[PDB]
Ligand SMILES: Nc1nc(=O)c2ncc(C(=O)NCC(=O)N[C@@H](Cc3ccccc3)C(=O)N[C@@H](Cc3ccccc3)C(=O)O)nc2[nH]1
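First comes one chain, alone, set out as structure tokens in the form solved without this ligand.
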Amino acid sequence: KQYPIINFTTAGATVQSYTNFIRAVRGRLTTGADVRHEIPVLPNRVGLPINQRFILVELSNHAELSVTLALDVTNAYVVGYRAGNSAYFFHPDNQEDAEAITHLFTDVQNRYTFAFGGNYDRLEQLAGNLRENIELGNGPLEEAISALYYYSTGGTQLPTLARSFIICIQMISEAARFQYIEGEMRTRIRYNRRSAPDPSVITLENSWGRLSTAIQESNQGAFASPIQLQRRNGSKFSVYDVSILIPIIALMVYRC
């Protein structure tokens, strides 16, 4: 009847409540995951039945406004959202994905597909701000939830909507994909801090597909060619194998 729902509120959010939330999100993403090896592999999109394809993340704030994000279990990424009686989707990359999203929010009166995709390069263009200048934390997420809701009423302009997607995607999708990024959000919540992600976080986000490829194509957990990541200060270093990454990457897109 309905896809699995995970609830989170910014209202009185704690390190523990955020941890419980990301744990529950990874739980629903990995129901059909390959968990035989050191790092979970999300299910292959090829031949995945439609009734296993999505999970719903219902977000609430101090204002008790609620939006529901749809996440694709094959890549943990946001494909669209519902606010009241309206649903909004990123432009699908192909006809199969366009058909898949017709199964989301089947109830809603108003369905809209954005002209644009949900990739960071495009969202940063629409927001007029790079990830390095968009603060993350409980405050940004509370504001993002209100902005996503008030898009449905005409109260939110597209640049603020795009900025709000950048906040939600990093604090939910990227936190689910990477223990390192979950921990970055735990630190911000603990200290009631709002701060932009440093180069270590941004390079990790940028590298998710490349890391999923290198790990799954590895010779007994040794890479064909090394992958470059960044330290907090932006200095580059090489990763030659999966070993150092098991604590850092929680979920991988199917590769082969």
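Residues carry their position along the shown sequence, with the first being 1. Residues that one form lacks are left out of the comparison. Heads up, when I say rigid core I mean the largest set of C-alphas that superpose within 1.5 Å between the two forms.
From this point on, the text means the form solved in complex with this ligand, which you will not see here.
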Check your understanding: Within 4.5 Å of this ligand in the deposited bound form, do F90, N119 and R177 each have at least one heavy atom?
Key -> yes
Exercise for review: Just give me the single entry in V78, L126, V108, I134 that has a non-hydrogen atom within 4.5 angstroms of this ligand in the deposited bound form.
Suggested key: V78
Exercise for review: Determine whether any heavy atom of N206 comes within 4.5 Å of a heavy atom of this ligand in the deposited bound form, and answer yes or no.
Suggested key: yes
Exercise for review: Answer yes if any heavy atom of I169 is within 4.5 Å of a heavy atom of this ligand in the deposited bound form; otherwise answer no.
Suggested key: yes
Review point. Any idea which of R193, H37, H62, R231 has its C-alpha shifted 2 Å or more between this form and the one not shown with the rigid core fixed?
Key: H37
Exercise for review: Answer with closer or farther for the CA-CA spacing of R36 and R210 in the deposited bound form compared to the shown form; it moves by 3 Å or more.
Suggested key: closer
Practice item. Taking the shown form as the reference, report whether the CA atoms of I50 and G32 lie closer or farther apart in the deposited bound form; the distance changes by 3 angstroms or more. Key: farther
Review point. Okay, core lined up, where does the chain shift between this form and the one not shown, counting runs of 3 or more residues with each Cα at least 2 Å away?
Key: 31-33, 35-37
